[PDB]
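One letter stands for each residue in the lines below.
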Amino acid sequence: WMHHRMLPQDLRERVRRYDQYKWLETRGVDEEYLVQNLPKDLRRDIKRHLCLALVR
Amino acid sequence: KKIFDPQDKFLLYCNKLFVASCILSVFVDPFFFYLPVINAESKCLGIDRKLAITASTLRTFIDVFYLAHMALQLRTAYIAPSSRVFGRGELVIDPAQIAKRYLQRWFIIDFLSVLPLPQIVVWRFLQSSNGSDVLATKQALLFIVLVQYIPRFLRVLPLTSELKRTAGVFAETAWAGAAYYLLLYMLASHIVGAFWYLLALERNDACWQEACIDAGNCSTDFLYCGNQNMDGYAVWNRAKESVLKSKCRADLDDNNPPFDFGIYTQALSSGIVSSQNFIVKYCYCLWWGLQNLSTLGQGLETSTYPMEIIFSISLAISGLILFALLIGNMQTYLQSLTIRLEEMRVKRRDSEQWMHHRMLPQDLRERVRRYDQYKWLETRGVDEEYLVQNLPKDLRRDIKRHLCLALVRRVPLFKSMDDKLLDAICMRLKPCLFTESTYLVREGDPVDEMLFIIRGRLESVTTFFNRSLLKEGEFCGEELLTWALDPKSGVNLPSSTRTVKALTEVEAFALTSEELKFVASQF
Amino acid sequence: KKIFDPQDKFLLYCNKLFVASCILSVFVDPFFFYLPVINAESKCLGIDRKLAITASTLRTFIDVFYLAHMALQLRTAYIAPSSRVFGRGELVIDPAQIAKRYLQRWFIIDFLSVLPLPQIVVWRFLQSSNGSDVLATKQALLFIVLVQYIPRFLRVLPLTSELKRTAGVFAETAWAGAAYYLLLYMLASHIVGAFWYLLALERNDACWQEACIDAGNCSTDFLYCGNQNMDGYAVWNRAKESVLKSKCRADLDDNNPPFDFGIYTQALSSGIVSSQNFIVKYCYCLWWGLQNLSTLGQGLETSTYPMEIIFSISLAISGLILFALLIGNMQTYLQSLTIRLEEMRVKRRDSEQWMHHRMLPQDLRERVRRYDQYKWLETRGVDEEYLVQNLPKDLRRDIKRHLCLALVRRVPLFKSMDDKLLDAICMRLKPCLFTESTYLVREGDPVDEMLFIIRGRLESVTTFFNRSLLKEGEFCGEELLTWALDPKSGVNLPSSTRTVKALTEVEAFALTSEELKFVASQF
């Protein structure tokens, strides 16, 4: 895609750096699809452990 | 005490060496199996002496680099769960807990692998003058080396998982990846050829030690080198090469021998057990390993001796596993390389089936075929708007303005804007494609989009009727602008006054009517 | 200067030959390896003379035909990024900039592949009169041909990438694609058999040059052809076939020979090194290549000479790679050809599990099985509305007017409507399928669609109660027309007055109620 559109060679490096950084943090795992397939009671207990001492 | 953070840069070059030193150490341990020799002119069994110095020097100088690894493993800190801090895990930089974690779970598969058991039985042999101890030295290397391969293979596991986290699971796939399973054949071949050499010398020993208990004038201490100055040896020396060749000779065609050597007759009939050049001896055995691991044992002709049979059964199973692991990875590599091209071929078979079922005229089939061919040459199956929508918002805005700003700065109503709404239209333009002789709009039809020409060349007529031309940079469909601009319009689309037709292949950018009123109601 | 535009039609017919001349030139370089012979009459070593004429004519008449390519490469422009474009790239037509680009990328390994190094050592040999030149000529062809082959293989890479851009990646998948990896076996076999011939003649030379330095009455200049008029040769001529037969004879069964020939004994014991017919000599060696690359060296019996062993290790590895590349590509071809049928089989296994879990009655299982079978026979797993929605808007309208116009022009309200508004109902009609004895609507149920019969035969009753018949072309469900037409309706659906039942298998087109009011409110 970037060879076809003839992008400048400084937007190419920004795209490459975002993709490399996301691969090291997620390993391709989509976690919002994982969390929405759990039952409602346990989804609440996981989201309270992750995000409750940060919004207060 | 300079306690280390696991994502230090310093424990990254100091961990890419402890993986490459664990691969060099499983390649050095087969060299202890080449230590027994045969002195051919004197007919005695000995020990190669410049090999036992070198192969003991190299193992000791390598297994001291791995003493450094356990030193940097007590100055290291680990991550545990907590809900108090919010960075997904608290870092435990605390002595007498990091060390109490370590020496209960991975200290015994690390201490039991550096103990120099082969290095001391060479030192005792080279300080001795009893010539008949070359059998105890040769005996205490098969089991030592074979049982000290559990820790020296198993200890590569906790260090590859730490290279699985900093530079990722990734690594290249051309000149790596499928090159890794050809270099595993080469190490399995190297362990197998050295087992074969060592078991051939023990069958030759079993033959000799029983032609001496029938000749009457022999003791089993005269067969080993360095025992020529004993009484009774001057009688045995007179009749060595009549007994030892009427009873224990090796020949590849002799179908009725006094001793059966089995799979080992090729090593005693060629003379590599008495060979003086080490390159000849090494290369001959490594090619035996590679040739018998690739054909899965098919040329092997055993005897009725059971441990020889168990060695042969092991080769045919190891070769079955290695072959399947190589064919497995080469195919997953090749299937991932032609995925976009295999999708295009499935799409064309689906189109031919659908047009045969509905029984279409032959001039509509050719229009469908030409559009599909043109789109494959322009995109190669890549979906561009799915790619762009997965980038972060700041960089998406920088990519769309390199592509769509000089086009929208040619509409005169758009150059009268504040460069904030001028970057909200560049983020809803989407690409389009038109083959030759297609009609972009017909006169009297409801106008549904504006278009901006990138490539190609069109024509336009109005009511032979003062026809016109359009080329790159010009636009089309600005009756929708006057509709969406003022609220004197109603929710109904205007009608076209032109007929636009393509004379070559066109590329354009498009702007939907439901996206033009959302921009216009920012006034 | 007629500077060329890279997608000219001429540079696409003048580049489909420079690819087929590079495939033809890597098949000609093995023919230099068939130049040494043995004269069986005189027992001397020579050079085949018509083969060295012919194989030097052909390489020179191809390297200069390739010499035209880089001149045309000196006249070609290139594309660079810019934001002043309207077309995604500025064309650079300055001749001061295209050549300075060219002599940094692919000029060094294009130049070192036309240099006639094998063509001059034939010319210097054929102008000479001392017969002891057949060793320097034979020595300066193994390394020259073997090292001047990294450019003649590397120079295909840019020209293939320039055919991966204008003609797609698809050539053909059944009459090609998997036929490409069988024609690679045939070229690898052809290089391997010619290496084997040449190394057999060097072992025969090594044997002869040492039965002459032990006989005492020989100099090594008498073994080469054309040195019969020298003093000392008349003494040697009297004892040729006593020394060269008691020391360097070849026999396939002699298990104790004076010289070991190893993998080369089959070429010296059959006599193809002294053969006069070239077809026999070529075919014998090419079949040795194909037979030993296919079974990966299983039948080879080497000697203890170390370069013979390295040559065998190379064959066992190259054959492992070629085989895996052939099973990989056949399986990706076959998996892509049955993709719709395997998906029907997976869908068939899921339904039995679901109906066994819920414990359905056995009359409801057969109704599900019949619908699945009928739909597989009618569609072959092809999704037709997803196909149609991906075509451009002008061609969608033509396909949908060919399929659905003579059905909507049998409704009396619709035939009087319009011509532009008839082309908006023939865009929302969607196909349907009904097995036998199913109820299309029941009396007293809310009507939700109109239907248009394509195939099949139905019946209809109203309140045994003046029953009726319907066939192809007729319609059903026009109580929704009176509902959606006037705004005297409310947002609620009417109730049916009929009961329609299928007597055979039906196909229809359907019109949803939420799509009928959107058409009706265009009045």
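Rules of the game
- Residues numbered from 1 in each chain as written, not as in the entry; some residues may be left out.
- Chains lettered and ligands numbered in written order.
- Part of a larger assembly, values for the part shown.
- Heavy atoms only, no water.
- Helix = DSSP H or I, 4+ residues; strand = E, 2+ residues; numbered from the N terminus.
- Buried < 20%, exposed > 50% of the residue type's maximum accessible area, 1.4 Å probe, protein only.
- Areas by Shrake-Rupley, 256 points an atom, 1.4 Å probe, with all protein chains shown as cover.
- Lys, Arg positive; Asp, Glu negative; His and termini not counted.
- Charge placed at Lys NZ, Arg CZ, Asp CG, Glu CD.
- Disulfide = S-S within 2.5 Å.
- Contact = heavy atoms within 4.5 Å.
- Buried area = accessible area lost by both parts, 1.4 Å probe.
- Salt bridge = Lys/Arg side-chain N within 4 Å of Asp/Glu carboxyl O.
- Arc of directions from axis to C-beta.
- UniProt positions renumbered as here; feature names shortened; annotations may be inferred.
- Pairing = 2+ DSSP bridges.
- Least-squares fit on C-alpha atoms.
- Polar contact = N/O pair within 3.5 Å; in protein donor to acceptor, adjacent residues only side chain to side chain.
- Nonpolar A, V, L, I, M, F, W, Y, C, P; charged D, E, K, R; others polar.

Caption draft 1: Inspection of the overall build of chain B at higher detail. Scanning chain B from terminus to terminus reveals 23 helices and 12 strands. Judged by the C-alpha coordinates and their principal axes, chain B covers about 130 × 70 × 35 Å. The buried share of chain B, taken over its 523 residues, is 43%. For chain B, the computed accessible surface area is about 29200 Å², with 59% contributed by carbon and sulfur atoms. Taking the 59 positively charged and 56 negatively charged side chains of chain B as two groups, their mean positions are separated by 5 Å.

Caption draft 2: Inspection of the state of the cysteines at higher detail. Counting across every chain of the model gives 6 disulfides over all chains. What pairs with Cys 207 of chain B in a disulfide is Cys 248 of chain B, and their sulfur atoms sit 2.0 Å apart. Sign of the S-S torsion, about -105° for the bond between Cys 207 of chain B and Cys 248 of chain B, identifies this disulfide as left-handed. Of this pair, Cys 207 of chain B sits in helix α12 (residues 182-208) while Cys 248 of chain B sits in the loop between α14 (240-246) and α15 (265-270), and the two are 41 residues apart along the sequence. Between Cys 212 of chain C and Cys 218 of chain C runs a disulfide, and the two sulfur atoms are separated by 1.3 Å. Because the torsion about its S-S bond is -85°, the bridge between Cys 212 of chain C and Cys 218 of chain C counts as left-handed. Looking at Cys 212 of chain C, the relative accessible area reads 1%, which means it is buried. On the basis of relative accessible area, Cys 218 of chain C is assigned to the buried category, the value being 15%. Numbered in order of appearance, the disulfide-bonded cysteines of chain B are paired 1-5, 2-6, 3-4.

Caption draft 3: Here's a closer look at the side chain of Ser 189 of chain B. All names here are of chain B. Following the sequence through the fold, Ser 189 ends up in helix α12. By relative accessible area, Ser 189 is classed as buried at 0%. Here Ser 189 is in contact with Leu 286, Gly 289, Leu 290 and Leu 293, once residues within four sequence places are set aside.

Caption draft 4: Inspection of the interface of chain B and chain C at higher detail. Contacts between the two partners involve 57 residues from chain B, matched on the other side by 67 residues from chain C. Where chain B abuts chain C, roughly 5500 Å² becomes buried across the two surfaces, and 64% of that area is made up of carbon and sulfur atoms. Three residues stand out in chain B for area buried against chain C, namely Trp 287, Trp 354 and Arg 358 of chain B, and they jointly supply 13% of the buried area on that side. Counting the contacts that link chain B with chain C gives 3 salt bridges. In this structure, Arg 358 of chain B and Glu 384 of chain C form a salt bridge, with 3.5 Å as the shortest nitrogen-oxygen distance.

Caption draft 5: Region of interest: helix α23 (residues 513-520) of chain B. Residues and elements named next belong to chain B. Along α23, the residues that are buried comprise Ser 513, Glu 515, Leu 516, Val 519 and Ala 520. Looking straight down α23, one finds that the buried residues subtend no more than 155° of arc, so they occupy a single side. In this structure, the buried side of α23 is in contact with β5 (430-434), β7 (449-455), α22 (479-485) and β12 (506-512).

Caption draft 6: Examining the UniProt feature "transmembrane region" in chain B more closely. Residue and element names in this part refer to chain B. According to UniProt, the feature "transmembrane region" maps to residues 18-38, 52-72, 106-126, 140-160, 181-201 and 307-327 in the numbering used here. Here residues 18-38 is 29% helix and 14% strand, with 38 Å between the C-alpha atoms at its ends. The span residues 140-160 shows a helical share of 71% and a strand share of 0%, and its end C-alpha atoms are spaced 32 Å apart.

Caption draft 7: Spotlight on the pairing of strand β2 (residues 44-47) of chain C. All names here are of chain C. Judged by which residues are buried, β2 turns out to be covered on both faces: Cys 44 and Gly 46 on one side and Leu 45 and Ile 47 on the other are all buried. Judged from the 4 bridges that link them, strand β1 (residues 36-39) and β2 form a sheet pairing that is antiparallel. Looking at the pairing, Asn 39 lines up with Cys 44 of β2. Hairpin connection between β1 and β2: a loop of 4 residues separates the two successive antiparallel strands, and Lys 43 in this loop has a positive phi of roughly 55°.

Caption draft 8: Highlighting the relation of the copies chain B and chain C. Expressed as a screw operation, the relation of chain B to chain C combines 0.0 Å of axial shift with a rotation of 90°, fitting to an RMSD of 0.3 Å. Read as a symmetry element, the transformation amounts to a four-fold axis. The residues that chain B uses at the interface reappear at the interface of chain C in only 16% of cases, marking distinct surfaces.

Caption draft 9: Representation of the interface of chain B and chain A within the structure. With 27 residues of chain B at the contact, the number on the chain A side is 17 residues. Summing the contributions of chain B and of chain A, the shared interface buries around 1800 Å²; its carbon and sulfur component is 64%. Summed over the shared surface of chain B and chain A, the result is 3 salt bridges. The shortest N-O distance in the salt bridge between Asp 394 of chain B and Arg 14 of chain A comes to 3.8 Å. Linking chain B with chain A are 3 residue pairs in polar contact. Elements represented by at least two residues in the side of chain B that touches chain A include exactly α20 (384-388) and α21 (393-408) of chain B. Considered class by class, the residues forming the side of chain B that touches chain A number 13 nonpolar, 6 polar and 8 charged.

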